[PDB]
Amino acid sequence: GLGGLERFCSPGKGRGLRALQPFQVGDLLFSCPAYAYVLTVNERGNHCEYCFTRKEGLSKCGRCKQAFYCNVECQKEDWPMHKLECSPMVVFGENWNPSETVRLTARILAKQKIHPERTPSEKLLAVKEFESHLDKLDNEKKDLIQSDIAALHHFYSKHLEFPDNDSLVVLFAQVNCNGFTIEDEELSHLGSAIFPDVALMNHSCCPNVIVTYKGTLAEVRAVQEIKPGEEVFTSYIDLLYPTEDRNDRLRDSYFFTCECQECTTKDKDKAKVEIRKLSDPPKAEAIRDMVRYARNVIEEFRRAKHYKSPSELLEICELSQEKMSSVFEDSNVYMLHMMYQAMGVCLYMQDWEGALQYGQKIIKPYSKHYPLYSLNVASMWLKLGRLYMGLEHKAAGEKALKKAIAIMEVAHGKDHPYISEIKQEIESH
């Protein structure tokens, strides 16, 4: 068990984490070494496969030529996990396409054969003790696990001895309910992992902690004062959206409805869906209908980026904003989503000016919509600072980077490798 905290039975929330000592804003509650983890395929070559160090000139794996390390020591240390994919990647060639979840579950099973004893990642909660919601799964979900089990057998049959299909369906349900995505300082996808003690914490739309990553290590820091006896709540979802949206995400992904202060009260809901103060105000049915269009275009875009062109996507972004603007104010979260999506396309296209334009429009409303310390906000300021600096706007860049640093010092810590690199960006300009 972790010092200063304890595992407990949270009424109507199963098992949780409770404080035994007071924690102040920016205080490290605990750190959890990754139990199992995997670097995302598009990040290969950018980051070391073993320690997740983003560094220039990484050593390639002579065999597969698709795994990169700091040195030979990272390579030897990652071999027990890398051997699950080394030869399969070359023997399957381009037929090699397991999903990140399948990839992660192959490594959970591998860690289980190698180290069946409780790991330093499980001082409070064990992988085997994970909640699965097996009895709550629909047909869509059960079919996804069945295609994942199929792919697990198809690609990882060489080194693993598999349990029955009932044990594999339970495991996949646990990974999908307790799995973590690792993001960088710009909230960009790096990989997926298993942090058992971090998964003991329950959800709140007003969390008292923020999870950050330092390589493959998860760090938990207070973003609100925590007093002895208080439960330690972290957010599972994006805190920008109104109550209904948040709870629709929670029920689909984690099979529960949140009763937190934000969800009970619904106080921040009206601010979130800001309506245009028109001389002829919009009707309640007109509002209900625009929120339906907004929730719909959001889904259409999630698909359209897999099959439409960069400029076809910016057109959706502009066209939907233009439609919504009649009823909705610029600060409305639905407008803000389409703006965020468009800034993402400009950043992809390497159109730094266009990205900076949408950035400038997003930032202020986005600031007030999220909690005081937010990874989303810190990343928006960071993007904005990096663009300003890029386009040689040194005064504005310095201001946005100093804002990103202020939040990041609380959530990541003053001593973080990300903050030292941002500080280095301000001193190089």
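Position 1 is the first residue in the sequence shown; the rest follow in order. If you superpose the two forms and keep the largest set of C-alpha atoms that fall within 1.5 Å, you have the rigid core.
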Could you check whether 331 to 339 or 159 to 167 drifts more from the shown form in 7 other deposited structures of this protein, using RMS Cα distance once the core is superposed? 159 to 167
Fitting on the core, do the C-alphas of 108 to 116 or of 92 to 100 deviate more in 7 other deposited structures of this protein? 92 to 100
Using only C-alpha atoms and the B-factors in the entry, which stretch averages higher, 223 to 231 or 324 to 332? 324 to 332
Name the higher of the two by mean Cα B-factor in the PDB entry, 132 to 140 versus 248 to 256. 132 to 140
Looking at 109, 194, 187, 284, which one carries the largest C-alpha B-factor according to the PDB entry? 284
Member of 212, 147, 174, 105 with the greatest C-alpha B factor (per the PDB record): 147
Among all modelled residues of this chain, ranked by Cα B factor, put residue 40 in the bottom, middle or top third, i.e. lowest, middle or highest. lowest
By its CA B factor, does residue 310 count among the lowest, middle or highest third of the modelled residues in the chain? highest
State the tercile, meaning the lowest, middle or highest third, of residue 370 with respect to the CA B-factors recorded for its chain. middle
How does the C-alpha B factor of residue 83 compare with the rest of the chain: lowest, middle or highest third? middle
Quick tally, chain-level thirds of C-alpha B-factors: residue 344 sits in the lowest
